[PDB]
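Structure, as structure tokens:
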Amino acid sequence: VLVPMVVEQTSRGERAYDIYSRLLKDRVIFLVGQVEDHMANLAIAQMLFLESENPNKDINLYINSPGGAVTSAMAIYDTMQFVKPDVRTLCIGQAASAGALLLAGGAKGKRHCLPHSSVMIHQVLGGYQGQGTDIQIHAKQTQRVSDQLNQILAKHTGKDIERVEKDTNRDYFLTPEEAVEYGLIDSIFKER
Amino acid sequence: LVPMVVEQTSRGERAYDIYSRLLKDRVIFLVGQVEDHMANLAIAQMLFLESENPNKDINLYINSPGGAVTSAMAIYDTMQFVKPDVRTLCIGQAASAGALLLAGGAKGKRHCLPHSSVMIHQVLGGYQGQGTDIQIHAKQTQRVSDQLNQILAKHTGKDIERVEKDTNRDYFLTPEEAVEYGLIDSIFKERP
Amino acid sequence: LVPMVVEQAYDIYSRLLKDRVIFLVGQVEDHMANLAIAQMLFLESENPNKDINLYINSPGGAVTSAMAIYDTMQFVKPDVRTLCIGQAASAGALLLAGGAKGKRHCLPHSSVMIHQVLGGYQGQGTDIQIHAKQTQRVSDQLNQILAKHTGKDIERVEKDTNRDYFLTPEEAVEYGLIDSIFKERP
Amino acid sequence: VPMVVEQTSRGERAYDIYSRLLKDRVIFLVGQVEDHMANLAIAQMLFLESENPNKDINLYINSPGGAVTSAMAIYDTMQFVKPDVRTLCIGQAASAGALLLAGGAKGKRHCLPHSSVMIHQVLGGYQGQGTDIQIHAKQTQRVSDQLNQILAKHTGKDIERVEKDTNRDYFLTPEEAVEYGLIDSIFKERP
Amino acid sequence: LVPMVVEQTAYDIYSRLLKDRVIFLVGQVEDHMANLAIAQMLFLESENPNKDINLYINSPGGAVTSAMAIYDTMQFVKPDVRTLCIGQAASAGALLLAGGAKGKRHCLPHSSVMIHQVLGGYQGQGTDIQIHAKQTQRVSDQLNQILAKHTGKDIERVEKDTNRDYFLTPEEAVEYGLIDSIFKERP
Amino acid sequence: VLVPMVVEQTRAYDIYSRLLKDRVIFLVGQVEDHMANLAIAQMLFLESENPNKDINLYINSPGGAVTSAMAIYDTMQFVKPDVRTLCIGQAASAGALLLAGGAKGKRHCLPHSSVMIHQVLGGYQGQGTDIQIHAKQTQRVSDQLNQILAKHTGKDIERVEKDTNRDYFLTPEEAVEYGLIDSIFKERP
Amino acid sequence: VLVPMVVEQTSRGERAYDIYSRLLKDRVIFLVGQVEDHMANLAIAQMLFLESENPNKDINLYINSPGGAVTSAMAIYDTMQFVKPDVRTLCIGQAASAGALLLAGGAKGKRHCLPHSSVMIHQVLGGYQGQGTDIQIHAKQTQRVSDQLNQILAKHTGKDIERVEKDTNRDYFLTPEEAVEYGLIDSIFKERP
Amino acid sequence: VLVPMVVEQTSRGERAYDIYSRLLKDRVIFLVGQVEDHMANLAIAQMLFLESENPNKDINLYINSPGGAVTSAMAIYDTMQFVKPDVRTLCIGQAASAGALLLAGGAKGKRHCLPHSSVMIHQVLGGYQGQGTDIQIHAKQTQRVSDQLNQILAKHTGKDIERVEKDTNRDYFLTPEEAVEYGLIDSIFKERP
Amino acid sequence: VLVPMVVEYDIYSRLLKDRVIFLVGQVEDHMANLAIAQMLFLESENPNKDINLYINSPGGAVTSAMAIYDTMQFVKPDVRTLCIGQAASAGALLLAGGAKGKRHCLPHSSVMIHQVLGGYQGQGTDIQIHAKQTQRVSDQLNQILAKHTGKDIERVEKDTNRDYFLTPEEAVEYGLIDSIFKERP
Amino acid sequence: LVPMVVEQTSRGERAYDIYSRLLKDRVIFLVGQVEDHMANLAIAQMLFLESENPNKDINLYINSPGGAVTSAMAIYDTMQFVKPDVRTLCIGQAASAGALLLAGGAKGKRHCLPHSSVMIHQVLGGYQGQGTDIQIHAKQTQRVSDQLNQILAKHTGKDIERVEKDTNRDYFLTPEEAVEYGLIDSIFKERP
Ligand SMILES: [Ca+2]
Ligand SMILES: [Ca+2]
Ligand SMILES: [Ca+2]
Ligand SMILES: [Ca+2]
Ligand SMILES: [Ca+2]
Ligand SMILES: [Ca+2]
Ligand SMILES: [Ca+2]
Ligand SMILES: [Ca+2]
Ligand SMILES: [Ca+2]
Ligand SMILES: [Ca+2]
Ligand SMILES: [Ca+2]
Ligand SMILES: [Ca+2]
Ligand SMILES: [Ca+2]
Ligand SMILES: [Ca+2]
Ligand SMILES: [Ca+2]
Ligand SMILES: [Ca+2]
Ligand SMILES: [Ca+2]
Ligand SMILES: [Ca+2]
Ligand SMILES: [Ca+2]
Ligand SMILES: [Ca+2]
């Protein structure tokens with residue numbers, strides 16, 4: 001018996017050997033689309049699996065995400081600090097605020113992007129409906145999440161939390177060079 | 001299916017919807033969910049009655065099982081603005097927004113019937129967006145909340161803290177309990 | 001100069017309102033409840049001494065709504081005579097029963113039916129309890145009112161309305177919900 | 001829905017067509033018999049009785065369907081008001097409408113030559129607990145019995161015979177309907 | 001005093017034409033409009049039992065069972081009902097056009113008249129299917145009888161022609177007997 | 001006595017129409033084109049009836065587009081009568097512009113009124129060239145709003161710009177202090 | 001995304017696992033998304049399977065659940081105590097009320113979270129619609145489930161039931177440090193030990 | 001939500017299994033979710049299969065059902081009594097009336113639940129719409145099914161039919177302890193020391 | 001040993017190996033044809049051993065049942081029918097059409113027979129054409145039931161006029177089944 | 001609906017979807033609308049082919065009638081990033097996003113077929129929100145617009161200003177025109 005090859009899985013997630021799974025064999029994880037719990041947990045599971053196979057080889061996180069929730073990315077971020085392997089981050093195309101958090105939370109020296117990548121950070125978004133008392137409770141928790149995002153970004157970039165809080169107030173786009181300069185990445189894999 | 005009434009005017013025969021006819025007796029119906037559209041109609045009715053006679057009482061009949069306090073706010077203010085005393089009678093239901101209006105009637109002129117149901121609770125609200133905006137809207141919600149407590153305290157004779165505690169959750173009052181609470185002044189079994 | 005119509009602005013119901021007849025038909029719900037109450041107050045305003053005639057044909061709707069109509073009935077000065085033309089389901093039967101002593105009637109193929117209050121809530125446990133308590137109070141109120149107007153014991157009413165309880169016109173006279181049946185108008 | 005205008009001492013007064021026909025003590029019972037239109041019809045009879053409790057009321061019927069429970073209220077109203085209620089079936093009298101047609105005053109029930117009369121047993125339904133199902137089932141049996149008693153009363157047939165016929169959709173030509181006792185005669189042209 | 005409009009949405013255009021004893025039968029013939037047309041004839045008869053009523057028909061479809069009522073109403077009211085097809089008379093409308101008073105059934109030069117058998121349908125138990133199928137056969141028979149009567153054709157001839165959609169030019173319709181004459185311009 | 005009386009439309013003489021006789025206009029609900037043109041029409045009619053008597057504009061609006069408010073604002077400066085503004089309940093940003101743009105000394109609110117101001121909102125979708133064209137037009141509308149509030153409140157344009165960057169709620173007292181309104185009425189004067 | 005596969009090539013041949021089944025091999029179970037009956041049962045099955053394989057090795061329950069019903073979690077909680085293996089619990093990201101219950105219900109000393117995890121507890125939600133009599137019946141049952149939740153939290157945290165009943169009256173967020181202090185977990189892991 | 005799988009070392013080689021199919025190998029069947037015809041037939045098929053493998057070893061039915069129709073439960077119940085193996089029943093979480101019927105119908109002495117399980121029984125529900133004659137036909141059938149449920153519960157709990165009928169008139173929740181006392185189950189698998 | 005195992009072979013495929021076929025859900029064309037194809041496959045594997053049809057069907061059309069029934073009489077193997085839970089009209093036909101002496105239900109099984117349903121919409125001429133066909137099918141149902149139960153066609157027609165529920169015992173008495181199993185015999 | 005192929009591996013028979021089989025010949029299909037999901041699938045395929053053999057050419061077969069330029073951007077960077085020369089062939093349509101990848105193939109290795117349609121145009125975008133945020137997204141859209149011009153200029157040899165002018169509106173090119181313009185190098189009728 002040999003496992004069947006597909007480029008893409010059929011609508012049923014047939015247990016066929018898809019292209020992403022073949023890249024997983026080289027320790028490459030793809031983080032794409034909206035960052036939300038479903039895909040997030042699948043990414044966390046791939047890191048745990050990669051760490052189980054070899055806790056000493058780098059894991060490569062390839063990021064192309066135009067959007068999504070920072071609270072979802074949060075679990076992925078913690079997963080990356082938790083597992084033993086260094087996690088290399090490369091932004092292939094887009095890194096929006098959830099995605100940029102992970103890009104930035106890569107191992108020191110091992111965060112990159114490509115020449116036309118688009119990185120962008122902004123403050124957490126939330127929402128609540130209900131009694132005032134509960135609105136106050138959820139509002140405080142959102143303030144907490146917002147502070148955590150600033151602290152995480154401050155830590156990996158080298159910036160002040162006050163500076164990061166200021167920059168993330170509205171959508172803040174960074175060219176690749178600006179992103180190196182900001183400290184969100186270490187270098188651009190320039191055209192060779 | 002609103003019924004009409006034809007009156008014989010000095011100038012001739014005139015049709016009235018039932019509510020226009022009762023308006024001729026300075027009765028205003030405040031019914032259904034308290035929301036902006038009906039709030040404004042009730043307010044316009046009060047200003048009309050004030051224009052017809054600045055001195056005769058206005059009678060505001062209340063039967064409202066729900067709705068927003070912010071909507072009730074404009075009506076409450078209109079009540080204090082207009083010159084005529086506003087007598088308030090709860091025919092059936094007066095949930096939070098309704099209870100605000102009922103209680104804000106003219107001293108000694110707030111009433112309900114024997115099976116009326118009165119219920120007060122804290123304000124509800126909600127917002128969705130950036131954390132900064134969530135904070136801004138939470139603060140305004142806190143203020144509207146305090147306003148509701150101040151208004152009930154003022155009209156019932158209770159302390160603000162007492163009112164805050166009682167509205168923390170849905171708080172039902174029998175007619176008797178509502179008199180004792182100071183939300184109304186007396187109950188009418190049959191017309192006085 | 002006002003237009004004349006059977007239905008729509010001077011409709012058939014407004015014409016009957018001139019004869020102090022009010023129709024209470026369809027599902028008993030807040031909108032039609034308040035309109036009914038308004039006509040009673042209007043009729044009281046015209047003449048607080050002549051009877052008001054409440055014609056009932058309602059196959060359902062919420063007792064909490066009927067509650068306001070009931071209270072209005074006892075509030076206004078005029079005697080309210082009640083006739084069930086076709087159907088009086090539970091909210092409608094409350095109003096049927098709550099008419100003036102001696103002045104509650106039905107037609108021979110009328111259907112009267114009583115049952116306990118319906119309710120519902122969704123949310124936190126604490127709030128469920130708060131709302132369950134209020135439903136029990138509304139439920140006791142329904143029993144008390146039916147008891148008062150029929151002469152039955154509260155417990156007996158409570159037991160009978162536990163489930164849908166249909167009453168023929170004759171059973172309804174016997175029960176105390178109405179005072180008499182009309183074959184043809186006296 | 002057309003409007004008719006009439007001259008008064010005090011100006012022009014406008015009427016929809018049915019309000020104008022009401023002026024001739026004609027009431028139209030058409031479409032599905034359900035509560036809304038049933039009550040409107042009862043309201044018209046009460047009004048006409050109020051205007052003159054002694055002149056006939058004319059009920060014109062064209063109803064291809066609807067619920068017997070709704071027809072019940074109209075039927076009782078008809079026996080309740082003092083005026084004779086003459087019934088004419090212009091086109092269709094399906095079960096609920098057939099009830100009303102038959103329940104007109106003796107000697108004053110009619111149809112036109114291509115009218116279609118049809119009678120059937122009551123329909124219903126309930127969803128819930130077994131105990132509740134039995135309660136509603138009994139009430140349904142009762143309403144069904146009432147329908148049979150009403151037809152039996154106005155036709156001269158026995159209830160066992162009415163019950164048998166209404167078991168399934170039972171169509172009658174106008175002649176068969178005279179012979180059945182549902183109507184008294186057919187009008188070829190206005191007599 | 002009373003307000004004037006062309007269209008409802010209140011004296012309107014149709015109401016004004018009603019004052020000259022003109023009734024419009026337009027759109028799909030179904031119960032609602034059928035009953036309105038019937039009421040209008042009853043009203044016109046009431047105003048004057050002796051003057052003709054004018055039924056202007058422009059109907060591209062609808063159920064014969066609804067038309068049946070109108071037809072019986074036409075023969076029931078005292079006044080002669082003159083019929084004119086301004087545009088279309090599909091089978092239900094054609095039955096009405098054809099059932100106008102002798103000598104008083106007309107159409108315009110580009111009118112389209114079309115007759116066909118009754119349509120129907122039922123769903124349920126076999127016994128009920130059988131029951132409704134017989135009734136449909138009865139109604140289908142009544143349509144043929146009515147058309148034969150007014151056109152002068154044998155019932156069998158009508159039954160054959162109507163077995164499928166049968167279009168008739170104005171001329172063909174005079175010749176067939178559905179109408180008596182064509183008007184180019186108002187005579 | 002021909003004309004029938006109703007409290008609510010849906011024609012008849014409704015309660016709003018009766019207040020129009022006393023030169024009172026209600027500006028309620030969302031501020032958008034349809035109601036804006038109705039409000040502008042009422043103003044033209046009132047001016048036509050008497051060019052010199054005040055027009056009273058009662059405002060209770062929780063939101064809406066500034067661009068639609070713009071038209072109402074221009075109408076208010078265009079007609080000859082002084083327009084008195086009173087905020088009965090809510091005056092969100094489109095409403096607040098109208099509230100603040102009433103005649104000098106004749107702008108008011110009630111004690112639990114909520115006034116709130118914020119920068120314009122907008123949006124476009126299409127080719128880059130067109131996005132730039134519409135973005136420039138949004139900037140202009142945004143400037144016009146800062147200019148109008150500056151004019152009527154006495155604040156600097158740069159101060160108004162900063163304050164409206166995000167939703168900015170004012171109590172009636174803060175609103176008097178800001179210059180959006182001239183006074184508060186507890187009860188009618 | 002779609003669910004990645006792991007193919008282990010072997011001299012024997014080759015075998016294919018989805019990523020979750022591959023981690024099952026290492027006695028790791030994921031409890032993610034809304035806690036509801038469907039995934040609850042899959043999680044219970046997985047615990048029974050692991051017990052079957054070896055009743056003495058720890059089972060690892062990784063939790064990332066931002067919500068869901070406490071009645072659905074109850075079945076998982078009972079399964080955790082029922083199976084022989086100790087169940088270690090780690091909150092990777094979110095544990096709302098139902099998830100918080102399973103987190104706290106892990107074997108003594110083997111309950112953890114990561115530095116930015118969010119733990120949150122609240123009283124049970126419920127709802128019924130129908131006759132008064134039935135509303136009373138379901139309200140009582142809700143009161144019982146609500147007490148049950150309080151008792152379980154009291155049991156595993158060391159807190160008084162009345163204390164827990166007061167804390168869960170409204171949504172109660174805990175930072176990892178507060179969750180340790182409260183007794184819902186035993187320690188926080190910055191990096192895998 | 002996605003069913004994990006396992007790979008086992010079989011006689012002709014290694015084969016995959018979904019988790020439920022692997023627990024099938026230990027004679028465990030999961031009855032979860034709403035009881036309705038589709039899952040009912042799967043469960044019966046699983047029982048017939050297990051009987052076919054070994055007619056003499058116990059079958060284990062793990063139940064977590066919050067609702068569903070007694071008429072669907074009927075087929076499962078009868079299949080339980082039909083197949084040769086004793087059918088042990090265990091309520092892991094919830095057993096609403098259709099589930100409770102299957103719980104109670106397990107082999108003598110082999111019916112259980114866990115400490116926070118919820119067992120609930122009520123009379124049958126139904127409904128019909130149509131001609132009166134037909135309504136009468138369907139209400140009698142409903143009465144028969146209603147009597148069958150009472151007779152089945154009575155047999156297995158030892159109660160009187162009249163007592164069962166009275167108790168199920170409305171939703172009747174039992175704690176695990178009451179369920180033991182009632183006769184629905186035989187014992188609770190309490191948390192080991 | 002290569003092929004994966006699931007409960008949802010799949011479980012029904014594994015039971016197919018023991019010559020068991022499930023007829024469950026609404027009887028309609030899709031599932032009817034799968035049932036038929038399974039009978040043909042079983043016949044092809046072994047034309048002599050019984051086929052076992054387990055029936056649990058609360059509804060469906062008689063015209064789809066018709067095909068299954070003919071298949072049953074067509075294939076060489078005896079078809080044993082067991083009603084595990086429900087067998088409404090369409091299913092009852094199949095239950096009653098099992099091989100003589102090999103038709104069974106369980107103690108709480110619900111069997112129910114009724115006349116054919118149908119309907120048509122169109123021109124009068126076509127309504128008549130389809131009504132007659134409906135009458136033919138209605139007669140075919142009665143003749144099949146009379147053949148297998150032993151009852152007169154007139155008797156079957158009267159009984160099936162409206163929904164006619166039979167207890168297991170009544171169904172043995174009626175001729176629809178041969179015996180009731182308490183436990184596997 | 002995707003066909004399978006069974007091959008005789010040295011390790012036994014293996015099933016391939018048609019695309020995975022063509023992957024064995026270093027052929028990748030880029031088809032349909034360009035959007036993130038398919039873009040990431042194509043990038044993974046390039047990463048996988050590089051991993052198999054970093055020196056052999058990758059063959060990118062393009063048939064895309066539309067899609068977002070921002071999505072294409074990730075693919076274009078991937079193409080410059082991986083070590084193998086990427087030969088591009090337009091089988092049918094290359095709309096603006098597709099055209100960007102066609103033109104971005106390796107020097108001398110960009111082609112189309114005789115009835116191919118190539119069309120370029122400026123980026124589309126859009127945003128909804130506060131004015132400040134509108135200006136922010138507008139600047140970013142301008143930047144992406146300039147990037148697209150600079151990439152097309154680089155690969156065609158045209159001046160940026162000329163490209164900017166030409167792409168102002170939909171600009172269709174015949175194969176011959178596309179050779180002349182520098183978007184491709186040659187046209188094949190029959191394979192050479
Ligand atoms: Ca966010
Ligand atoms: Ca790490
Ligand atoms: Ca006042
Ligand atoms: Ca509120
Ligand atoms: Ca009274
Ligand atoms: Ca009926
Ligand atoms: Ca009479
Ligand atoms: Ca005539
Ligand atoms: Ca037809
Ligand atoms: Ca001729
Ligand atoms: Ca705006
Ligand atoms: Ca001015
Ligand atoms: Ca354990
Ligand atoms: Ca809960
Ligand atoms: Ca057994
Ligand atoms: Ca049930
Ligand atoms: Ca059938
Ligand atoms: Ca055979
Ligand atoms: Ca390259
Ligand atoms: Ca684009």
Side-chain angles (χ1 to χ4, degrees), chain B residues 3-9 11-17, chain C residues 2-19, chain D residues 1-28 30 40-41 43-52 55-60 83 190, chain E residues 1-24 35-56 73 77-79 81, chain F residues 2-5 12:
Chain B
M4 296 289 288
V5 167
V6 168
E7 298 265 297
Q8 296 300 326
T9 289
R11 310 198 289 135
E13 141 179 4
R14 186 168 239 140
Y16 288 91
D17 73 324
Chain C
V2 190
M4 283 281 180
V5 293
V6 172
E7 162 202 30
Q8 193 65 246
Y10 199 30
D11 68 310
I12 192 69
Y13 294 116
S14 302
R15 170 52 177 83
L16 285 172
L17 186 59
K18 222 175 151 54
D19 298 337
Chain D
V1 58
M3 302 297 295
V4 174
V5 172
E6 253 141 42
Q7 301 306 335
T8 196
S9 315
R10 285 153 217 96
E12 281 166 31
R13 208 149 179 92
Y15 291 69
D16 78 330
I17 189 64
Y18 302 119
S19 270
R20 166 59 183 78
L21 288 183
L22 206 49
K23 235 173 142 58
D24 292 351
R25 309 182 63 78
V26 165
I27 298 172
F28 275 72
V30 306
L40 274 179
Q44 281 168 102
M45 297 173 68
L46 292 169
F47 166 74
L48 290 172
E49 171 185 54
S50 155
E51 295 274 90
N52 196 354
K55 298 191 55 179
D56 284 4
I57 300 179
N58 303 282
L59 189 62
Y60 283 47
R190 193 187 216 98
Chain E
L1 279 312
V2 73
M4 213 82 82
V5 297
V6 177
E7 188 191 19
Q8 63 168 316
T9 197
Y11 216 90
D12 75 313
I13 208 60
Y14 295 114
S15 299
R16 169 51 176 80
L17 290 180
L18 193 53
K19 224 167 187 177
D20 306 338
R21 306 177 75 75
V22 169
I23 297 173
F24 275 72
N35 288 313
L36 288 173
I38 288 168
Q40 286 179 82
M41 303 181 89
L42 287 167
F43 164 65
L44 293 176
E45 177 191 45
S46 170
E47 289 290 87
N48 188 324
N50 308 304
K51 300 189 60 176
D52 288 7
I53 288 167
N54 298 283
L55 198 55
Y56 289 9
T73 306
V77 294
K78 198 174 179 188
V81 184
Chain F
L2 280 293
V3 176
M5 224 89 65

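Lettering follows sequence order; numbering is per chain, from 1. Only this structure's heavy atoms are used, side chains among them; waters, hydrogens and symmetry mates stay out.
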Query - Test item: D/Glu51 side-chain N/O and D/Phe47 main-chain N/O as donor-acceptor pair under 3.5 Å - result: no

Query raised in the report: Does C/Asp19 have any side-chain hydrogen bond (donor to acceptor under 3.5 Å, both in side chains) partners at least two apart in sequence or in another chain, and if so, which?
Result: C/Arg15, D/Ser50

Query raised in the report: Has the side chain of C/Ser14 got a donor or acceptor atom that lies under 3.5 Å from a matching backbone atom of B/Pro3?
Result: no

Report task. Supply the atom-to-atom distance E/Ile23 CD1 to E/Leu17 CG, rounded to the nearest 0.5 angstrom. Result -> 11.0 Å

Requested in this report: Output every pair passing salt bridge (charged side-chain N to carboxylate O under 4.0 Å, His left out) with a member in residues 36-45 of chain E, not counting sequence neighbours, ordered by first then second residue.
Outcome: D/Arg190-E/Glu45

Report summary line: Those residues at least two apart in sequence (or on a different chain) that pass side-chain hydrogen bond (donor to acceptor under 3.5 Å, both in side chains) with D/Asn58 are none

Query raised in the report: Got a sec, which residues hit side-chain hydrogen bond (donor to acceptor under 3.5 Å, both in side chains) with E/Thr73, two or more places apart in sequence or on another chain?
Result: none

Report summary line: With sequence neighbours left out, the residues meeting side-chain hydrogen bond (donor to acceptor under 3.5 Å, both in side chains) with E/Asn48 are none

Report summary line: side-chain contact (heavy atoms from CB on, under 4.5 Å) test vs D/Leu22 passes for just one of D/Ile17, D/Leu48, D/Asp16, namely D/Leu48

**Report entry** Expected output: side-chain D/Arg25 to main-chain D/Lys55 donor-acceptor under 3.5 Å
**Finding:** yes

Query - Least distance between heavy atoms, C/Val5 atom then C/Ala9 atom - result: CG2-C, 4.5 Å

**Report entry** Sequence-distant partners of D/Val5, side-chain contact (heavy atoms from CB on, under 4.5 Å), two or more places apart
**Finding:** D/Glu12, D/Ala14, E/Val2, E/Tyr11

Query raised in the report: For atom CD of E/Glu7, is the number of surrounding heavy atoms from other residues, nucleotides or ligands below 6.0 Å larger than 12?
Result: no

Query raised in the report: Who pairs with E/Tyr14 by ring pair (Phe, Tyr, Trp, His ring centres under 6.0 Å), at least two apart in sequence or on another chain?
Result: E/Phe24

